[PDB]
């Protein structure tokens, strides 16, 4: 049972951090690892692996740590690193971190990720607020008759607050695919036709799980590379991490400021 597992994880989080309840949770994706320090001074740092139900992250660029950080008037859970469906894990494990965070009191989830940019106006290193998503995985983290509405899955209010921190922030539709292979140029052209502005291999299930659990979501993609076929240059995860590092300072500052506005 996902709920009981989440509660057990939340209890351990409370016991180890000494904080009975957190207010916000942030998941740092590929390329975002170095932005963790700017969020603030952690009062607790521990391995995600220690927590019940947490499959340790294994992808390059994911620290696999959980930090408790005070940001503004909030106590924030920072999930440095995440796991993905392409790693072979049942979605119950993929969305467990968000569910555990919710069980720990977090009613706002800030989901960040590295994405390929499909819209012509997007440049490498640019942060893009996720306005909506396209779940192209043919899967759902929900089982049974859990008919969750996804109309304002990415809270307009939170995107407005982000815009208050930095007015220049653009928005875009994120397409979530299975992965782990990158897309072919033809698939990218297809995604453009489908209305996608960004492409990645995560986030969508976590967003669905968050909404199902009653939490709001702010999604932020860092354009770590132009989508396959745009430049013709081959994609590389190492380069994705490098591109993310170049914007780490701005990203950390952005997250710290926006969260404090919540």
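In this text, rigid core is short for the largest set of C-alphas that superpose within 1.5 Å between two forms. Numbering follows the first chain given and starts at 1.
After superposition on the rigid core, the larger root-mean-square Cα deviation in 4 other deposited structures of this protein belongs to 139-147, not to the other of 139-147 and 188-196. Put simply, when the other structures in 4 other deposited structures of this protein are lined up on the rigid core, the C-alpha atoms of 44-52 lie farther off than those of the other stretch, from 44-52 and 217-225. Of the two segments examined, 29-37 and 201-209, it is 29-37 that shows the higher average Cα temperature factor in the deposited entry. On average the C-alpha atoms of 6-14 have higher B-factors than those of the other stretch, with 6-14 and 234-242 being the two compared. Based on the entry's C-alpha B-factors, the most elevated value among 132, 149, 87, 121 belongs to 121. The PDB entry gives the largest Cα B-factor of the residues 82, 96, 139, 163 to 163. In the PDB entry, residue 221 places in the lowest third of its chain by CA B-factor. In the PDB entry, residue 114 places in the lowest third of its chain by CA B-factor. The PDB entry assigns residue 179 a C-alpha temperature factor belonging to the lowest third of its chain's modelled residues.
Split the chain's modelled residues into thirds by C-alpha temperature factor. Residue 71 is in the highest one. The entry lists a Cα temperature factor for residue 105 that places it in the middle third of the chain's modelled residues.
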